[PDB]
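Engineer: Residue numbers (UniProt numbering): 1447 to 1630.
Note that beta-carbon positions come from the ideal geometry of N, C-alpha and C, so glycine has one too.
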Amino acid sequence: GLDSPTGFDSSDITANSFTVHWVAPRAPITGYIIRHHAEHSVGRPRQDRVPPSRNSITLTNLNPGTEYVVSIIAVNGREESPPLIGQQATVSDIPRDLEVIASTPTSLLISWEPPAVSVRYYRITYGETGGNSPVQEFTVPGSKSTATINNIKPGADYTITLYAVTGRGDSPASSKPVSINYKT
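1) Please indicate yes or no: does the CB of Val-1586 lie closer than 8 Å to some heavy atom of the ligand HEM?
2) According to the neighbour-count rule (16 or more other Cβ atoms, all chains shown, within 10 Å of its Cβ), is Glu-1574 buried or exposed?
3) Reducing DSSP to helix, strand and coil, say where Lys-1622 ends up.
4) What does DSSP give as the partner residue(s) for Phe-1464 in the beta ladder?
5) Below 8 Å on the Cβ atoms is my contact criterion, and I expect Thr-1612 with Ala-1461 to pass it. Report the Cβ-Cβ distance as a whole number of Å.
6) Quick test of the definition: if touching needs 3 or more C-beta pairs under 8 Å, does the region 1548 to 1559 touch the region 1482 to 1502?
7) Give the straight-line distance between the Cα atoms of residue 1633 and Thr-1465, rounded to the nearest whole angstrom.
8) Give the straight-line distance between the Cα atoms of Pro-1587 and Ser-1527, rounded to the nearest whole angstrom.
9) Quick check: the Cα distance between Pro-1551 and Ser-1517, rounded to an integer number of angstroms?
10) List the endpoints of the continuous beta strand (DSSP E) containing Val-1515.
11) Using 10 angstroms around the beta-carbon of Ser-1621, count the other beta-carbons present and answer buried if the total reaches 16, otherwise exposed.
12) Would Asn-1507 and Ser-1564 qualify as a contact pair, given that the criterion is a beta-carbon distance under 9 Å?
13) Are the CB atoms of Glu-1559 and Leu-1448 nearer to each other than 9 Å?
14) Between the region 1534 to 1553 and the region 1588 to 1595, do three or more beta carbon pairs fall short of 8 Å?
15) In three-state DSSP terms, what is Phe-1584?
16) I think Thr-1512 touches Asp-1458, with their Cβ atoms under 8 Å apart; what is that distance to the nearest whole Å?
17) By a C-beta neighbour count over all protein chains shown, 10 Å radius and 16 as the cutoff for buried, is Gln-1534 buried or exposed?
18) Beta-carbon within less than 8 Å of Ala-1520's beta-carbon, same chain only, minus the 5 sequence neighbours each way: which residues are those?
Structure (structure tokens):
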């Protein structure tokens, strides 16, 4: 009865949120239904319906680092249409390549791949062997994919672990901590 929505795609993605896009049919509609659900689950899929004046939909509350199948259903009020379903993936929250690029006698330069997500800050822990205490946790001002590691002590094996913290609304979050090694 109407046209099929295609030429769709996905983008504006994130770790706990991501948007999708899709052109409209050659006829007037009343609203499009957007349902999304990871193909790695059998529970009930979430249903997000969008208006007729929206070709994209920002999805949120979604596990970061996972493929989510989104089924787009068209509807002209009491009629129906072909479901423009697609498949995308939520960005990952944990970084990678945690290595040092500058070993100063009192600090080190850490660098990790930049995750396609809005990280608010990272809390890394210092890895000291026999210094005078356990790992030292220090917050990171999301300065960039590389952070600094001063307050270090020379003369003793070392280690480093980062806990990128990502906000989630009334409560932030922190993927698994990636730890590496370092000799002082």
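Structural biologist: In short, the structure shows the following:
1) Ligands displayed in this structure: none; no statement on the ligand HEM is therefore possible.
2) buried
3) coil
4) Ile-1459, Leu-1505
5) 6 Å
6) no
7) In this structure the chain extends from 1447 to 1630, so residue 1633 is not present and cannot be described.
8) 48 Å
9) 55 Å
10) 1512 to 1521
11) buried
12) no
13) no
14) yes
15) strand
16) Contact flag wrong, Cβ pair sits at about 17 Å.
17) buried
18) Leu-1448, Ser-1450, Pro-1451, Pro-1471, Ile-1475, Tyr-1478, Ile-1479, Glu-1526, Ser-1527, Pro-1528, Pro-1529, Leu-1530
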